[PDB]
Amino acid sequence: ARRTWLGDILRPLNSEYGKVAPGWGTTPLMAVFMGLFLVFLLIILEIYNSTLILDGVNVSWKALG
Amino acid sequence: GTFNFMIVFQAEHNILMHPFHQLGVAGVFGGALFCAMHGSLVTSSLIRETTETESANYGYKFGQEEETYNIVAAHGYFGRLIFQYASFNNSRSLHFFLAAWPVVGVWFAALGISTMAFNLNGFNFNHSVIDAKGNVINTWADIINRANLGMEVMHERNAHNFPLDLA
Amino acid sequence: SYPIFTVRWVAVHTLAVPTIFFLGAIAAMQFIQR
Amino acid sequence: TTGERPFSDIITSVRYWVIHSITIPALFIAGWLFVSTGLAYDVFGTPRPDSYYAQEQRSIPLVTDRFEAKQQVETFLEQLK
Amino acid sequence: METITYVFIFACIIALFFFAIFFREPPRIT
Amino acid sequence: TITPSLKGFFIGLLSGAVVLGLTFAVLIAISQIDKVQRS
Amino acid sequence: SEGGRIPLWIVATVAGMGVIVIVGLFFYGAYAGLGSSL
Amino acid sequence: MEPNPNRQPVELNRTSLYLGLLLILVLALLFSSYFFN
Amino acid sequence: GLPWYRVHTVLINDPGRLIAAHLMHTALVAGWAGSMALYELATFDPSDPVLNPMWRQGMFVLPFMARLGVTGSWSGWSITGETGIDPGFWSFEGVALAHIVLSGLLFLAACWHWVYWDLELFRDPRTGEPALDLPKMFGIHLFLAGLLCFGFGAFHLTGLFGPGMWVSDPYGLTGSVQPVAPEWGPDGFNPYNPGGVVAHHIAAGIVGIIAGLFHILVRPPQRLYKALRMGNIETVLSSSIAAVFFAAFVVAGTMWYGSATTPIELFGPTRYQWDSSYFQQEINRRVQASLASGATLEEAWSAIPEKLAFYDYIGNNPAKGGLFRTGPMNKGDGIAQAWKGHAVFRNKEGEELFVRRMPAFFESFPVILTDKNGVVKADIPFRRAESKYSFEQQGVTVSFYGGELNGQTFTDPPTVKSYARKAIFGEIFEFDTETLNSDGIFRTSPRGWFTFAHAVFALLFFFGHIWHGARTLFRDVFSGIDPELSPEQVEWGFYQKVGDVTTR
Amino acid sequence: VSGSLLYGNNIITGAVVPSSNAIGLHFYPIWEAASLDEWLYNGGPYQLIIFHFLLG
Amino acid sequence: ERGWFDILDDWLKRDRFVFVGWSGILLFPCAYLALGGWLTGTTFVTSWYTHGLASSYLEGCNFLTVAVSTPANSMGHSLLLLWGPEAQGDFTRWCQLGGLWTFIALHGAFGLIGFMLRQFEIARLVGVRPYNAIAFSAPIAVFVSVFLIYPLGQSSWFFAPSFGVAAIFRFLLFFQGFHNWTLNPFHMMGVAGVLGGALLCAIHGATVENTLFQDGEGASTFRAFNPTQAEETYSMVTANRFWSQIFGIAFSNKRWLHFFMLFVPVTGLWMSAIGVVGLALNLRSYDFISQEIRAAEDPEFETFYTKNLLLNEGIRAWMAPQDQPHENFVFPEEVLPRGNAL
Ligand code: CLA
Ligand code: CLA
Ligand code: CLA
Ligand code: CLA
Ligand code: CLA
Ligand code: CLA
Ligand SMILES: CC1=C(/C=C/C(C)=C/C=C/C(C)=C/C=C/C=C(C)/C=C/C=C(C)/C=C/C2=C(C)CCCC2(C)C)C(C)(C)CCC1
Ligand SMILES: CC1=C(/C=C/C(C)=C/C=C/C(C)=C\C=C\C=C(C)\C=C\C=C(C)\C=C\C2=C(C)CCCC2(C)C)C(C)(C)CCC1
Ligand SMILES: CC1=C(/C=C/C(C)=C/C=C/C(C)=C\C=C\C=C(C)\C=C\C=C(C)\C=C\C2=C(C)CCCC2(C)C)C(C)(C)CCC1
Ligand SMILES: [Ca+2]
Ligand SMILES: [Ca+2]
Ligand SMILES: [Cl-]
Ligand SMILES: [Fe+2]
Ligand SMILES: [Mg+2]
């Protein structure tokens, strides 16, 4: 296979194929972020939908001026 | 012209509200469902006979004696998808069902048309629901009725000289 | 020899109990007059 | 087989019918009274045959405001005197 | 021009039928 | 300020958390009580 | 308790008659009271 | 240049040809009315 | 050999040629952007931002260029209607040209990566086999994306180092490119507040940076690596397709409902502004404020800007088009030339009458006039023999206030009916139907077409996601199932746990 | 009613148009008409086509 | 590794009468609530306040005319959550405002997702390819397009189909009159795929059943099959010769035959989905411009297309006032389009 200057420079960033952290690793933390993100999408959705109505948050072309 | 025929038929027979046409629909929708289903389960249970760089179709050779998929596995899947006894383990029974359902349904669709041909029409629930005073309480049937009326009054706008379309 | 309260049992009753309740309701409905 | 008791065994057994000749009619009668007492109407807000219109009214009580819809409906119900 | 096109496409379809029937790859038992 | 609809939002959120929570609790409990036999 | 005591053909005949009765009642109700058009 | 080993031959059998021409011609017959509008 | 629908699978294990293919793709897309922009500049008439803005002309990429601050041409005009501005290099033309050059450079690079595919970089150093470490590539790319998002929000959108973005009044009358400060309060999640867009890109930007560093430095859990087949690039394909259809449904939604990134001066009004007669209410408010301050009726209506009246016209409703009704809105109702003014209907008794407006649902709609309480006073009858409400019977008249016809009154039934026919569409305009051989049938705007295309493609990408998720997860069985599959693995009760041989 | 391509139809609008209501259930073969021009005016093609089709 | 997760996995994936799975946790409650919501609504709940309609058995509707009807147009696209700002936790008011519609639509949707995930899970455990789930992608595209995307492009959930037989017929006729939906080539592909799938289902079933090998002495041939037998139960060779001589072409490859059986209805439904998505924006196949220009100048020019447009115009004017009560339509007798006499 052909080596190149830039190929030699980038080699380490593509040398860890298959490498895993043990067991469940950081899965629970990820899960917490998924829960929070779900909640966020739910929030912005309900804002857009006018099911969630917030003071000073006028969901309209007339938002300000 | 086909669409015309259909629209006018709805107007004059309320075919949608006729149980034979509904049977036709269960028939063709069901036929398709089961077609896609059967297709999918059989495709799902093809015996590995090929490599990934070739079509799985070359794994079956025309006229071979051995079956090309594993029905026991197919049945194993579908029987778990719903429940065991809702699945066919008999290929002959399964294919007979596949034959009979759309065919019987479409027989009913055909008979729907063939009987509405003699003006035994769809269910008529116009003003079926009435309140304590006697006010008409519309149902979805009545909105259907309004559509039918539109169709009725506009079709062949020059063909009628008299108030009732009796044929 | 056989268990009684299984997933299958629960599933069956989640459908069957309301079905009978509802059939009873609708039966009652056939006698309502304006 | 998957280990649960076969249906034909259960429903051809005496005990099943001892239990269900009580429970089935009981549920049936409960549904019946749910309608006949008029409770269904109250829970779901379904008009009785005399509560669709005021005596002289012929206009549908159509809901016309999203956020005051509850109030609109309550006013409609009030106007039935 | 529209009519020419429609009829052309149709004729292409019938010719296609012809080739698909009489000049198909033959099924062979292996 | 907490508008009535934000309170509604919180109620829905709590309701959902309750439903899923009681659900997984019950399923975990059942899975522990009714273990598969191996070996 | 014992499976088989009440024959399956009887359970089927009775349940079936029950279905016929209830559906029959619903069809009666189509001609009377609400939804009857009268 | 040293040859690339990922190369694969490509195939379309006759039945597939007929199927494809059928698809395309019938689709054209369908949509043509709309293209002419 | 390979079936036709599989030809590109030769790239799965060829990272260099896969990169080459992506370069070609990118080149094609950029070449498209350039060509589309050039074509739009070659057909676009910048002469009337009021009644002939871009969204009437079938402009599709021009509004996105405007949205991010490209508003001028080298030829000297701007989409806001200014003259003698020097836009610098980054005119529409400069953008197009830049895209063309990009396209080309990407083509050459594609060629380099295609010929020289066998780089040591793409080989696992331990096995010597081609391999891409996708989780870390992901981290790197996520970091870059993050930096770019952050920088975009903080510099381009703020105007700190950039032009800002398109913002407007609530009625799309005075739009221009402005710097926008981020909104860090709850109103930032208001779709109509632009500052929310800026804050979004800055914050989400930082989040992308952090999560990216995380993904560079922290390896996946073995359990997730095995579960998602993270060694198989097709998994990445599957999830990326999912994210992409998600985003497409989102931009479809914000296009259809309107937002700060889908402004009406660039894309046209929404169907909902028609539905709630938004512009009609505002027009009436302004007219009433005018009468209240002592203005005459004529003066009050002449003070209404033509652009606003034009928004209050169903021909600009994006929900009035047809799938095969091709081209710019102008090909339909014509190039709007002028507002005729507000048509006021009156009967012989002098009571003001109001035309029932056509809802978007109806390709055709009757002509019905009511008094202020909605009582029917006049119509255009179908059957005449029992007509009681003809304009002729009721002596319906029309007087115009504002616009070209200001001060004029027509009493002859044919003409009044004609204006009533036009009044179902709302405010009435003079059109040039000759220039484009306009055929008279409403067409949708770029808003409608964008929304359509993206909702459809999103929906199909749902299938793509399904297909490739399946291929990822069932790779082991995609040439068929185990020929030695034991019937006991599928016969009920043999195993306590489905498919598990250790549970006999 | 124009049904044919040359008389202004496309594939979707086009049809062979049903026989005249004046005929009713009468058998209307080519030879019952005084001319082909007449046969076409009254929709004989519909009858010829559908009967041969149904038989076939 | 033997933590609580894998143990839970163990119990969930037990081979029982009704398989559950991880997918079951989504599917079963959501499908149950969807179905239950539909039955509850059809039995007891009105559409008086949203539509000016009766929609329950309780009110006197029958199986054909009952529905859970869409919310009032004024609700727009409100999710209409029980705890949402419209109903404010009041179940009765929630019922009266059409909350059950969004309940059924959304739970229905998460339920279909659950079902497809179920198809995938079981396919993985049993060791089959997951083509059943892939084929299931079509029903979902239809559901999502018709019940979600379509109303979202229109003014409100009101114009979605109402969950009811008659309500659904009304939805069909509405689509004819307003969208001229039959004219839409995407619908036409839907039709072709449905009718084509049914054709393939019937013709393949009949072909297998009529080229069976004699494998038993019984004149009823169903028992002469064994699930575990290696041999084909019917003659592919005979089927092929038969159709080759009858129709001109014939299958020779069973795997292709069955993939095609997957392809046809699925592709059809998907095409239809694309068309309905178009209708969300009123981006219809309503007209042929050439037709209109000719008919406008030439009053002797008539096609079946023009006839159908007259029909459409009738549907729209005659059904609209009652079907769209929020518009407060009053169409005087004299404006109603009518032909002679009728
Ligand atoms: C898993 C199965 C399932 C699913 C997917 C749904 C999904 C849906 N249901 Mg529900 N439902 C279910 C089971 C399910 N249901 C069951 C079993 C019941 C019977 C009780 C109901 C009863 C029900 C009703 C009565 C209603 C719904 C409705 C809804 C919808 C909105 C729910 C929501 O807003 O929650 C938001 C909550 C979450 C998404 C949970 C978030 C969990 C995060 C990750 C944890 C964070 C929480 C944290 C601990 C709380 C701290 C807050 C603090 C700051 C105060 C939604 C479509 C509504 C609807 O359809 O209206 C039209 C509606 O009215 N459902
Ligand atoms: C080299 C830099 C560059 C620049 C400065 C531009 C600038 C311009 N191009 Mg663009 N373009 C470029 C490269 C560039 N292009 C390339 C390489 C391509 C080929 C793919 C294109 C293809 C292209 C097209 C096809 C078009 C443009 C258009 C435009 C203009 C509007 C851009 C816009 O609307 O973006 C919108 C961009 C986004 C909304 C980006 C979305 C980002 C997603 C959501 C990221 C998701 C992944 C991420 C990792 C998630 C994690 C994030 C993390 C921070 C949390 C604009 C003048 C448009 C134009 O008007 O044509 C004349 C147009 O139609 N360009
Ligand atoms: C996001 C994609 C997109 C969008 C929204 C638009 C939108 C816009 N374009 Mg642009 N356009 C695009 C891509 C897009 N275009 C591309 C890629 C090109 C290069 C070819 C062009 C070239 C272009 C030109 C040259 C012009 C436009 C113009 C316009 C406008 C007129 C729209 C038109 O009439 O639609 C018509 C749309 C249709 C008729 C729908 C086509 C549907 C296809 C045929 C369906 C195919 C079905 C398929 C075969 C089925 C397979 C089945 C099988 C799987 C079984 C419009 C604002 C015009 C304009 O006015 O600009 C000033 C203009 O002249 N566009
Ligand atoms: C970034 C998105 C993406 C990517 C990278 C892929 C990549 C891959 N998919 Mg595809 N796929 C996608 C989206 C994507 N898919 C989507 C959204 C769908 C649903 C519609 C599918 C459905 C799909 C199927 C059903 C299959 C694949 C397969 C393949 C693989 C081989 C493709 C090939 O050889 O075709 C060669 C294609 C041609 C020779 C001609 C195609 C002509 C098309 C149909 C019409 C013209 C397209 C036009 C030029 C594109 C305009 C751009 C558009 C975005 C507007 C390949 C690995 C195949 C595979 O898995 O094989 C093992 C396979 O069977 N994919
Ligand atoms: C029919 C819908 C469907 C189906 C069958 C699948 C099936 C598949 N997807 Mg998924 N996917 C879907 C939709 C679907 N997806 C959607 C809409 C997205 C959003 C972009 C994704 C994103 C996605 C990703 C990113 C990935 C997959 C992957 C996969 C595969 C593994 C299963 C899994 O990851 O499930 C995912 C789980 C679900 C789809 C269930 C989600 C249930 C949610 C959390 C309930 C939410 C309730 C809600 C909060 C209530 C409020 C409602 C509100 C309106 C008020 C599998 C092939 C993976 C893959 O392909 O591996 C090879 C993978 O990496 N999918
Ligand atoms: C030859 C005549 C014909 C044919 C074959 C069709 C067939 C088709 N039409 Mg129809 N149509 C016709 C004439 C015809 N149409 C006419 C004359 C009109 C008047 C203009 C219409 C108007 C029309 C409309 C308005 C629509 C259709 C739709 C469709 C498609 C329906 C597909 C379907 O199965 O959805 C059924 C639903 C699904 C597949 C969703 C998922 C369903 C889940 C899986 C159900 C789960 C049920 C669960 C187990 C619980 C059951 C409980 C029980 C008590 C009920 C299909 C392409 C629809 C379509 O195009 O959708 C895109 C549609 O919206 N058509
Ligand atoms: C919504 C609601 C929810 C849930 C509820 C539920 C879940 C219920 C369930 C229930 C159900 C679950 C229902 C029941 C049922 C059924 C019925 C209603 C009856 C019937 C039957 C029938 C009538 C049959 C007949 C016929 C056919 C169909 C078949 C065969 C033939 C014959 C003729 C026999 C909650 C509360 C949480 C909250 C909110 C509200
Ligand atoms: C098992 C079955 C089931 C069910 C069925 C049933 C339920 C049915 C029935 C029926 C019944 C319920 C029984 C019967 C019959 C009856 C008869 C047949 C008798 C006879 C009579 C006569 C003949 C006489 C008369 C006389 C004279 C004439 C006059 C006067 C006197 C007298 C009356 C005596 C099912 C299907 C689900 C499944 C399968 C199986
Ligand atoms: C090389 C070279 C050069 C040059 C470059 C160039 C010359 C430019 C270009 C490029 C180009 C100028 C080409 C392109 C683009 C375009 C395309 C690529 C497009 C495509 C289209 C599509 C794909 C679409 C499809 C469609 C149809 C058609 C219809 C409707 C539907 C749809 C949408 C699908 C330079 C100096 C820079 C330097 C460097 C290198
Ligand atoms: Ca009474
Ligand atoms: Ca002209
Ligand atoms: Cl007609
Ligand atoms: Fe088969
Ligand atoms: Mg009754």
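Parameters at a glance
Residues numbered from 1 in each chain as written, not as in the entry; some residues may be left out. Chains lettered and ligands numbered in written order. Part of a larger assembly, values for the part shown. Heavy atoms only, no water. UniProt positions renumbered as here; feature names shortened; annotations may be inferred. Helix = DSSP H or I, 4+ residues; strand = E, 2+ residues; numbered from the N terminus. Patch = residues over 30% accessible without salt bridge, like charges linked within 9 Å, V, L, I, M, F, W, Y side chains within 5 Å. Areas by Shrake-Rupley, 256 points an atom, 1.4 Å probe, with all protein chains shown as cover. Salt bridge = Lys/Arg side-chain N within 4 Å of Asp/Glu carboxyl O. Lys, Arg positive; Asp, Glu negative; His and termini not counted. Charge placed at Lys NZ, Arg CZ, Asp CG, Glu CD. Buried < 20%, exposed > 50% of the residue type's maximum accessible area, 1.4 Å probe, protein only. Donors = N, O, S within 2.8 Å, 3.2 Å for Na, K, Ca; no water. Near = heavy atom within 4 Å. Nonpolar A, V, L, I, M, F, W, Y, C, P; charged D, E, K, R; others polar. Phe/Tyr/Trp six-rings, centres within 6.5 Å; stacked < 30°, edge-to-face > 60°. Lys NZ or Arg CZ within 6 Å of the ring centre and 35° of its normal. Core = buried A, V, L, I, M, F, W, Y, C linked by side-chain atoms within 4.5 Å. Contact = heavy atoms within 4.5 Å. Pairing = 2+ DSSP bridges.

- In the PDB archive, X-ray crystallography is given as the structure determination method for this entry, at a resolution of 3.500 Å.

Quick look at the UniProt feature "transmembrane region" in chain A
Next, step 1: The sites that UniProt annotates as "transmembrane region" are residues 27–46 of chain A.
Next, step 2: Secondary structure content for residues 27–46 of chain A is 100% helix and 0% strand, while the C-alpha to C-alpha distance between its ends is 28 Å.

Overview of a negative patch on the surface
Next, step 1: A surface patch of negative charge is lined by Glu49(B), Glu65(B), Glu66(B) and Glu231(K).
Next, step 2: Examined against the element boundaries, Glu65(B) turns out to sit in the loop between α2 (19–44) and α3 (71–81).
Next, step 3: In this structure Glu65(B) comes out as exposed when scored by relative accessible area, which is 64%.

As for a nonpolar patch on the surface
Residues and elements named next belong to chain J.
Next, step 1: Residues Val16, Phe27, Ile30, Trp31, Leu36, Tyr46, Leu48, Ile49, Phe51, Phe53 and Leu54 make up a contiguous nonpolar surface patch of about 1,200 Å² in total accessible area.
Next, step 2: The element that contributes the greatest number of residues to the nonpolar patch is helix α2 (residues 44–55), accounting for 6 residues.
Next, step 3: In this fold, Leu48 is placed in helix α2.
Next, step 4: Its relative accessible area of 33% is what places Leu48 among the partly exposed residues.

Structural notes on the coordination of the magnesium ion (ligand 14)
Next, step 1: Bound to the magnesium ion (ligand 14) are the protein donor atoms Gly29(G) (O) and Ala32(G) (O), situated 1.9 to 2.1 Å from the metal. As far as the burial class goes, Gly29(G) and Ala32(G) line up, both buried.

Considerations on the site of ligand 8
Next, step 1: In the vicinity of ligand 8, the contacting residues are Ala12(G), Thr13(G), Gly16(G) and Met17(G).
Next, step 2: If ligand 8 stood free it would expose 1,000 Å²; the protein chains cover 17% of that surface.

Digging into the site of ligand 9
Residues and elements named next belong to chain I.
Next, step 1: Inspection of the region around ligand 9 gives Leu28, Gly31, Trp32, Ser35, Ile100, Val101, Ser103, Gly104, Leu105 and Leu108 as its neighbouring residues.
Next, step 2: Look at ligand 9: alone it shows 1,000 Å² of surface, and the protein chains cover 34% of it.
Next, step 3: Contributing elements (two or more residues each) for the shell around ligand 9: α1 (15–43) and α3 (92–115).
Next, step 4: A total of 6 residues in the shell around ligand 9 trace back to one element, the largest contributor, which is α3.
Next, step 5: A per-class count over the shell around ligand 9 returns 6 nonpolar, 4 polar and no charged.

Overview of the packing of aromatic side chains
Both the distance between ring centres and the angle between the ring planes are used here to describe each pair of aromatic rings.
Next, step 1: Applying the stated criterion across every chain, the model contains 106 aromatic pairs over all chains.
Next, step 2: Arranged with centres 5.6 Å apart and planes meeting at 45°, the rings of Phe18(E) and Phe22(E) form a pair that is tilted. Of the two residues, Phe18(E) and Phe22(E) both sit in helix α1 (residues 2–22), 4 residues apart, roughly one turn of that helix.
Next, step 3: Judged by centre distance (5.9 Å) and plane angle (50°), the rings of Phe365(I) and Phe329(K) are tilted. Of this pair, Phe365(I) sits in the loop between β5 (352–355) and β6 (368–370) while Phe329(K) sits in the segment after α11 (304–323), which puts the two residues in different chains.
Next, step 4: A residue is classified by how much of its surface remains accessible, and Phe365(I), at 10% relative accessible area, is buried.
Next, step 5: An aromatic cluster of three or more residues is present, and its members are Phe361(I), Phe362(I), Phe365(I), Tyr150(K), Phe158(K), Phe159(K), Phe171(K), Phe174(K), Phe175(K), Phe178(K), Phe329(K) and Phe331(K).
Next, step 6: Positioned above the aromatic ring of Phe7(D) is the side chain of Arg8(C), whose terminal nitrogen or guanidinium carbon lies 3.9 Å from the ring centre.

Concerning the nonpolar core
Buried together is how nonpolar side chains tend to be arranged in soluble globular proteins.
Next, step 1: Among the nonpolar cores identified, the biggest contains 225 residues, and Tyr77(B), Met29(C), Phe345(I), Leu369(I), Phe391(I), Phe44(K) and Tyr150(K) are the most heavily contacted of them.
Next, step 2: Tallying contributions element by element places helix α5 (residues 131–153) of chain K first for this core, with 14 residues.
Next, step 3: Not counting the four nearest positions on each side in its chain, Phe44(K) is found in contact with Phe22(C), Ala25(C), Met29(C), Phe34(D), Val35(D), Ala40(D), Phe44(D), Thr46(D), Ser56(K) and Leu58(K).
Next, step 4: If you look at the next biggest cluster of nonpolar residues, it comprises 21 residues, including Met54(I), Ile79(I), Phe92(I) and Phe267(I).

Focus: the pairing of β5(I)
All names here are of chain I.
Next, step 1: Taking every second residue as pointing to the same face, the buried face of β5 carries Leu353 and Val355, while none of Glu352 and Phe354 on the other face is buried.
Next, step 2: Two successive antiparallel strands, strand β4 (residues 342–346) and β5, enclose a turn made up of 5 residues, where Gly350 displays a positive phi of approximately 85°.
Next, step 3: One ladder, built from 2 bridges, connects β5 with β6; its direction is antiparallel. Across the sheet, the residue bridging to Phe354 is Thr370, located in β6.

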